[PDB]
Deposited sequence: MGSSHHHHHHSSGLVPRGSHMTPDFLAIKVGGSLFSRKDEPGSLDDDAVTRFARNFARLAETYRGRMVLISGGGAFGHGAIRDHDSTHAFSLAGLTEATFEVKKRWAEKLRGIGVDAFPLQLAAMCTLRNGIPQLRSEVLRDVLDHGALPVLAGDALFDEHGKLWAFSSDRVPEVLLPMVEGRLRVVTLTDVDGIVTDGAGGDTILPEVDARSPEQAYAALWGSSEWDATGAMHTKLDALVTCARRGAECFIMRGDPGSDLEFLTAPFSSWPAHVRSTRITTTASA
């Protein structure tokens, strides 16, 4: 692999945007989605998809569920269908892809085993992905969080990958409370210490996944999602972002 120019003044070559289930559903209303939230988020993701044509995936959270874990693949398929239907309704070539048919685990590491994802991107379409039940090398099913799906893109994406995880907080909170603006993935021990101090394991899962991505060059963010908020700044160099934006940025 050759030298990849990187930095806060560079434009991303690929966007993996993950939308947390908490932003468009409620745990105490299982299976129901907030259609107004989905609709408004979809308009903002559609704009991103126009610019990042063939250079973006949308990952949906939500769709929570010996072999009973198989029902998870069906649950998270439904959530991908809901986003893809909405996005096609507004002119985006959105196509849901079952991660379980494309990816398996080996030694705990997700392995992309289907060429289809790269082809769909090359055709200019928008894959809609989600967490899933994945088989390992012994045939055992494991729940693979939506928050870890960006990891599967690492060997396949060329150039500068930006990963954005939209959640119900502005980033990782630390001791009053304040957001930790930057985390160095090479040695992120202080971010993990902040989580212990400000909790009560979904944020820990996010941190582990985004550290993994950042160690492989990605520019990663945990930030607050809001259905109606404009996301066009996610196409731009980090140094050009509006002043109001708050996030935890994870890089190496």
Gaps vs the deposited sequence (1-based, no CA atoms) are 1-11, 77-88, 199-201, 227-230, 283-286
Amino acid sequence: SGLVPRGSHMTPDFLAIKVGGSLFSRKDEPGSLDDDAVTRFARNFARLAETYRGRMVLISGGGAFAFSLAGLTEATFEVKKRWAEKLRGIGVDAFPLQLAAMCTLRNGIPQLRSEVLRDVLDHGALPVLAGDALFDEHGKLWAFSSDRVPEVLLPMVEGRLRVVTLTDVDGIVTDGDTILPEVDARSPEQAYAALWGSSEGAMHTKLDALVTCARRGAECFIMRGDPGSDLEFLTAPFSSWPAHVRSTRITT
From here on, numbers count along this sequence of modelled residues.
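The term rigid core refers to the most C-alpha atoms you can superpose between the two forms while keeping them within 1.5 Å.
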By Cα RMS to this form in 6 other deposited structures of this protein after fitting the core, the stretch ranking higher of 216-224 and 28-36 is 28-36
Of the two stretches 188-196 and 202-210, CA positions deviate more in 6 other deposited structures of this protein after rigid core alignment for 188-196
Checklist entry - In at least one third of the other PDB entries compared, is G176 left unmodelled? => result yes
Mean B factor on CA atoms, stretches 25-33 and 203-211, record says higher is 25-33
Comparing 106-114 with 141-149, the higher average Cα temperature factor in the PDB entry belongs to 106-114
Binned into thirds over the chain's modelled residues, the C-alpha B-factor of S187 lands in the middle
The third of the chain into which the C-alpha temperature factor of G71 falls is the lowest
Here the Cα B-factor of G197, set against its chain, lands in the third termed highest
Of the three thirds of Cα B-factor ranks in this chain, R82 occupies the middle
Here the Cα B-factor of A49, set against its chain, lands in the third termed highest
